[PDB]
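The next block holds one structure in the form of structure tokens; read it before the comments.
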Amino acid sequence: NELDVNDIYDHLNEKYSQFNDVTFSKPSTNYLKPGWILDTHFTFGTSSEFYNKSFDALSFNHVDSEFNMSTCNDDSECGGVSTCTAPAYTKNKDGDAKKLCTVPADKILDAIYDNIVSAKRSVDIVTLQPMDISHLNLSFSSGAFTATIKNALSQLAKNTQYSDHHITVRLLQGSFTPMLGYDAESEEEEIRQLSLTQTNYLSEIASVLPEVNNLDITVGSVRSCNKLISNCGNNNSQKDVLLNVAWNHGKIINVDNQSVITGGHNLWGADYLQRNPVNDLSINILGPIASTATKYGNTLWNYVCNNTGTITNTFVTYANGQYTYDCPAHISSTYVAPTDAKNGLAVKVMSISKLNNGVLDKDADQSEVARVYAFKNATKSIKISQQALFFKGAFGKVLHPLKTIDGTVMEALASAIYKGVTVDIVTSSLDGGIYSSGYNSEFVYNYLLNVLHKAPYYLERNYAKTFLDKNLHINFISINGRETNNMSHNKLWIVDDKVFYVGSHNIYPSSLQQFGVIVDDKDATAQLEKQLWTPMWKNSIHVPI
Amino acid sequence: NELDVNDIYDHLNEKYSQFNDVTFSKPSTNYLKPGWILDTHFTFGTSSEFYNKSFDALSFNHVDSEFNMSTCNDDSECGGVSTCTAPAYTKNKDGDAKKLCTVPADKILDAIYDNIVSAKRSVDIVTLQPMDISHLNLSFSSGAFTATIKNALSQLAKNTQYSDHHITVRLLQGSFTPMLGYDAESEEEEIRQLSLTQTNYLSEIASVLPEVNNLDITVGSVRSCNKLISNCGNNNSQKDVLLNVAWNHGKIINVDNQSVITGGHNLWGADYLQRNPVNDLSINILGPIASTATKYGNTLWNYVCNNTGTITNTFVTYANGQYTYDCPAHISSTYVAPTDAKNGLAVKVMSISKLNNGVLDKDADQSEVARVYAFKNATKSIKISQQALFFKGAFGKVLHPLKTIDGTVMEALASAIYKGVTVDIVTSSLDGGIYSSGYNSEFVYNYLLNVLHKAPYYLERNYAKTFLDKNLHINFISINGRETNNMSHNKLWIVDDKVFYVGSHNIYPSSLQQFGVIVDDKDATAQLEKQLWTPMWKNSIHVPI
Amino acid sequence: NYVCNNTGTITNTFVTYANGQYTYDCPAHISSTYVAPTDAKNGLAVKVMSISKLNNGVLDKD
Ligand code: NA
Ligand code: NA
Ligand code: NA
Ligand code: NA
Ligand code: NA
Ligand code: NA
Ligand code: NA
Ligand code: NA
Ligand code: NA
């Protein structure tokens, strides 16, 4: 007994059989090729000053405006940790690549471009709208991601120009509601603004495609709850104004119902691929798991195309030279193995999702249950990397990870610690600005103390401290064990160096929809720990208090 | 040459004459006796370890449950900075005081007790409902404040037992809405909960009064807006869900329309008078300025008693052995000088208030305007001590100090910095938990940088930095220049070492009603700087940019 | 003006394209002050007035 994903699946099926193949899936065999780990961050062990020199232009060069990297003739003109490179994703519609000073984090761009240009049937993108800090209401992507996507689609149009059939391209973003600059009473104006920015995004794509092409491209926005004054559709015990809105938070790039990129990354260039990068993780996986991703998309897209009534969302499509309202509610989820699909490491994988709070029935939150069960059944260790574990409610109330039929994450971690299981946690830093941890390490320690004081344990405070001091270690991310304002956006956990989650579902609470996958494989986990967990942990900071 | 409060009054009267004697008042002569500065905080220049020893009890003593201090036989049994003392505010209804290890912060208790037991007509208490951290739903006061109030009222009842007339005692709290444990759709249940806690508080007071006495005691709660989805009644340019609720935030203890305690202190014992105190300031003043506070009280109580329209507030009275709904809507505001009123330092003072967002007309926010004018017309220096200068909106949007007809606080400070005025700022620490500054120093620096980039300055970024580097110094509060998690709740500013504000109005934005006073006097300002500003500044921590 | 300060209600809708971008900049006002073009006085000079009906939901019912 060292936790198996089949146990998670069986538990969900016993308790939530009506959501089988809606918010979770039977484990399936999938394949991880070299580079499947899309971990982006500053280079652990160096300094921010040095890493950030990777974006300084030298020797009669400039900073390219599309990709926000220095131009380039050879490695000697590139500073920091960067090198001169001519990536395919810089190839514009006329076929010309650029020489840029690239860094390891750009691997994510490489992964996206390569996957999209290979499409023969469908490109399915789900994400979170870029935050409106000040700028102009951007959609779907920002910075280098945008150019990358455009360039990919351009290439795709050429690769498919003789295709028997058209390629369906779906871009869908969850949108904050009420939107920046509008009270919740102004739904109509909100829709108009969303429509405008989506139209501009689509028109920009269109202007880099051949006049005649086989790409049917749709852009859409999805929000499922704007009530604020009442429940969105969940079984929470906690109540807060900030839990009474909801929209998609899942992050998927799904090509041909075969290749999936999923994890914590939004497609926000400045946050990941420029100075002072935020630490984040996605993965690139091939196999039947893509079916689940597609179902997830289809759920959302079905909701966008047909919901009537309550909230009203918006979308538009460009195909055969025309803007239309042909809504792509459904891409087929039936898996067809591509040739040489079994290349790479075979691993067992299931999906888990959160699709309640206004899309599906209020019981449809199987992600929380899955992770609580995982932690409750850890036998050796739980490694967690997150942005935050708690979330500040509207009037300062601390909101904790949500209640499930099996309890909360914090109750499960308390159980683990009481049993002697090691719990290592990495949060973002407190001085993380937009990506703050929200609460310091002492707060989490004391919260778990209080859990052990109540409940079935009834432990006296100092005796409980013994368990915590032995088995709980809370650190926050740092590039080098010195800097105290670095940032992380991870949604990662690993049980027994064997089973791990990658997806969008923070441990801190919200009502947003989520998608993620659970991998069960010792070899894959060992790779992930060698590449990300161990360097990050080694360089993290611990506040003793 | 320097700033004169009369110029502030003249500006408000020219632009908002219809709110004269409503939200502001003509400067009047008032009196500050020794002890007028009720600044409570740990002992600057020491350490939290040392200060917190003030609440250690020896084995043969204990920690009194009413006042959360150690019992006591002589000074040698008291640790830290405490001494053995038998304050009058420990005197219970039977006339028995306790020996406790008291600290300098307890001065605020002394001021409340002493002021209340001297009443001959009225006791008028306005405050903010205790935060609900634990689903306890306390009212009006917590910790040693509760006992103090009770004991004061007990003593008051004896001091007035042969009075020709009854004494009006009003206790009014602004209540968070929606309340903890309730979505906003549940107004009725919320009112019931408020009524329950107010009834228990009043019954507790009654149980320590004589069976027959001349006190008419009313407890009440006030909220002026619970919409969430639309404007509460202001002229803001910013829009945010968290600005669309409102309740009283003003803090007043007004005895006989003569003696006023006002400032930033909520009546929350554990936050000020125990270990790890929050730094805060109130003042004890006597004179016609009390009129203005009484008026402020009246405006709220009227609103509660004559339930205008939609929102329903709640209150209850205990008098002549009976609970009733006799609503004390009006205490007379005409000032009558007590005998020996001219004792102490004579100073010019005016009131300023914020009574919009559902109580009075939406234009009735003269506090913001007055402070903007003061900063814009500073000639030498501006000293600011705040908890925070910015506030995080519902979905992460930064909310800045609100717009007035004369612009914002940030625009005024940018103007002062551009002209060469010195601007010293102390905030709470970032790691201050519930009393966090919310944003780091660099964020403030950069916000003001962007203000200087815009019209009318149009300063290039690097050159604008030189203005900030020369004239702006932002620190955060620390007991000793070493600890980084200390906390401040100040709402203080001082212009030209002459004019200073004491009251409830944070610089960071909200829609809550506020009351405060502006004192114009070099002698008083110098006493305040010696006692509070200079020690705090010398021990504050500067994070270089 | 009516379209710009009552957009959304009924069936009133608009969009602008400018500088390669779609926006909701609403051209509620072109200047009505007349400037004679050069050689404007070419042709037959005639006396003309305008008359309009801006009733029925746009301006006052009169
Ligand atoms: Na990154
Ligand atoms: Na990073
Ligand atoms: Na570069
Ligand atoms: Na999609
Ligand atoms: Na993909
Ligand atoms: Na949660
Ligand atoms: Na106390
Ligand atoms: Na005390
Ligand atoms: Na302060």
Side-chain angles (χ1 to χ4, degrees), chain A residues 122-128 140 168-174 217-222 248 250-255 257 260 293-305 315 317 327-331 515, chain B residues 39-41 54-55 63-70 82 87 89-90 100-103 105-106 108-109 141-148 264 267-281 383-389 424-429 432 435-437 474-478 486-493 506-508 532-533 536-537 539-541:
Chain A
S122 57
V123 178
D124 202 8
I125 299 177
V126 184
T127 192
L128 173 73
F140 307 107
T168 297
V169 180
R170 298 197 295 203
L171 285 77
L172 181 61
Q173 64 181 2
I217 308 178
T218 304
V219 292
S221 301
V222 66
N248 169 82
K251 316 176 199 304
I252 293 163
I253 292 167
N254 190 350
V255 169
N257 196 34
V260 180
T294 294
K295 286 173 190 283
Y296 186 81
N298 286 335
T299 305
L300 297 184
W301 270 106
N302 177 62
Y303 180 86
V304 170
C305 304
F315 76 93
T317 298
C327 205
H330 184 97
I331 294 167
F515 172 84
Chain B
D39 57 317
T40 71
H41 42 70
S54 300
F55 303 91
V63 198
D64 183 85
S65 52
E66 283 197 320
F67 290 91
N68 309 116
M69 314 184 220
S70 178
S82 71
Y89 56 71
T90 61
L100 302 170
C101 295
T102 55
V103 292
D106 303 322
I108 189 167
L109 302 186
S141 75
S142 63
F145 284 95
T146 303
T148 299
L267 317 178
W268 303 352
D271 290 8
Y272 299 122
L273 306 185
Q274 299 179 24
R275 286 190 180 70
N276 307 295
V278 179
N279 165 72
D280 211 339
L281 172 68
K383 301 174 166 64
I384 293 172
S385 185
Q386 301 280 318
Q387 179 185 331
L389 314 170
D424 301 317
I425 300 182
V426 177
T427 68
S428 197
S429 80
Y435 292 90
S436 167
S437 62
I474 308 180
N475 296 7
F476 67 93
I477 186 155
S478 176
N486 302 144
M487 311 177 271
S488 185
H489 195 241
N490 276 150
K491 303 90 166 74
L492 166 70
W493 52 264
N506 292 296
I507 282 180
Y508 74 75
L532 169 59
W533 175 263
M536 173 157 70
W537 186 253
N539 289 276
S540 62
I541 287 174

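Read the numbers this way: they start at 1 and go in the same order the structure lists the ligands and their atoms. Lettering follows sequence order; numbering is per chain, from 1.
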Opening angle between O in A:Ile125 and NE1 in A:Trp301, taken at the Na ion (ligand 4), to 10 degrees: 140°
Within less than 3.0 Å of the Na ion (ligand 7), any N, O or S from B:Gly143? no
Quick one: angle B:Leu273 O - the Na ion (ligand 7) - B:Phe67 O, to the nearest 10°? 130°
Option from B:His489, B:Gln387, B:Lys491 for which side chain to side chain donor-acceptor pair (under 3.5 Å) with B:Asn506 holds: B:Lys491
If you apply the rule side-chain hydrogen bond (donor to acceptor under 3.5 Å, both in side chains), what do you find for B:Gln274 with B:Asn68, and how did you get there? CA-CA 7 Å; B:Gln274 299 179 24; B:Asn68 309 116; 3.0 Å; yes
Can you name the closest pair of heavy atoms from B:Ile477 and B:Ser429 and give their distance? CG2-N, 4.0 Å
Give a yes or no on whether B:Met536 keeps an N, O or S atom under 3.0 Å from the Na ion (ligand 9). no
Minimum heavy-atom separation for A:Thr317 to A:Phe315, with atom names? OG1-CD1, 4.5 Å
Minimum heavy-atom distance between B:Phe476 and B:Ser428, given as atom pair plus value: CB-O, 3.5 Å
Identify, by name, the N, O or S atom of A:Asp124 lying closest to the Na ion (ligand 4). OD1
Indicate if the distance from the Na ion (ligand 9) to the nearest N, O or S atom of B:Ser385 falls below 3.0 Å. yes
